[PDB]
Amino acid sequence: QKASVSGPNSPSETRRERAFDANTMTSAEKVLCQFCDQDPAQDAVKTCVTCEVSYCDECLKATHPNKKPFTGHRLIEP
Ligand SMILES: [Zn+2]
Ligand SMILES: [Zn+2]
């Protein structure tokens, strides 16, 4: 002899964290991919000196379609 109801409490105790500071050295940021247009864009982990512009991976994949190891364009000198 007892009662039992379904659908217990569920208080949304979730939180977030947003920020928008200037360009500062923290760990892994670097310049933003100019070709990107995500807004925010994707970090540019590449830089083609010949193109004179810094790009990311994805972009580099479309713009610089290389099948490795590096038979495509050029990058930051050694
Ligand atoms: Zn990009
Ligand atoms: Zn290039």
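Since chain A takes its numbers from Swiss-Prot, the residues it shows come out as 87-164.
We read in the header that solution NMR was used to get this structure.
Just so you know, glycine gets a Cβ as well, placed from its N, Cα and C.
Look at Swiss-Prot and you will find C119, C122, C142, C145 tagged as Zn(2+) 1 binding site. Residues or ranges marked as Zn(2+) 2 binding site by Swiss-Prot: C134, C137, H150, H159. Residues or ranges marked as phosphoserine by Swiss-Prot on the basis of a large-scale study or a structure entry: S92, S96.
Checking the recorded positions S92, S96, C142, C145 against ligand 2, none has a C-beta less than 6 Å from an atom of that molecule. By the rule that a residue counts when its Cβ sits under 6 Å from some atom of ligand 1, the recorded positions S96, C119, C122, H150, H159 yield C119, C122. Residue pair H159 (Zn(2+) 2 binding site) / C122 (Zn(2+) 1 binding site) shows a Cα separation of 19 Å. Cβ-based neighbour count (10 Å, all protein chains) for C122 (Zn(2+) 1 binding site) stands at 16. Comparing C-alpha positions, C137 (Zn(2+) 2 binding site) sits nearest to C119 among the recorded positions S96, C119, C122. Each residue contributes its Cα atom, and for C119 (Zn(2+) 1 binding site) and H150 (Zn(2+) 2 binding site) these two points are 14 Å apart. Each of the binding-site residues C119, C137, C145 was scored by other CB atoms within 10 A of its CB, and the lowest score goes to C137.
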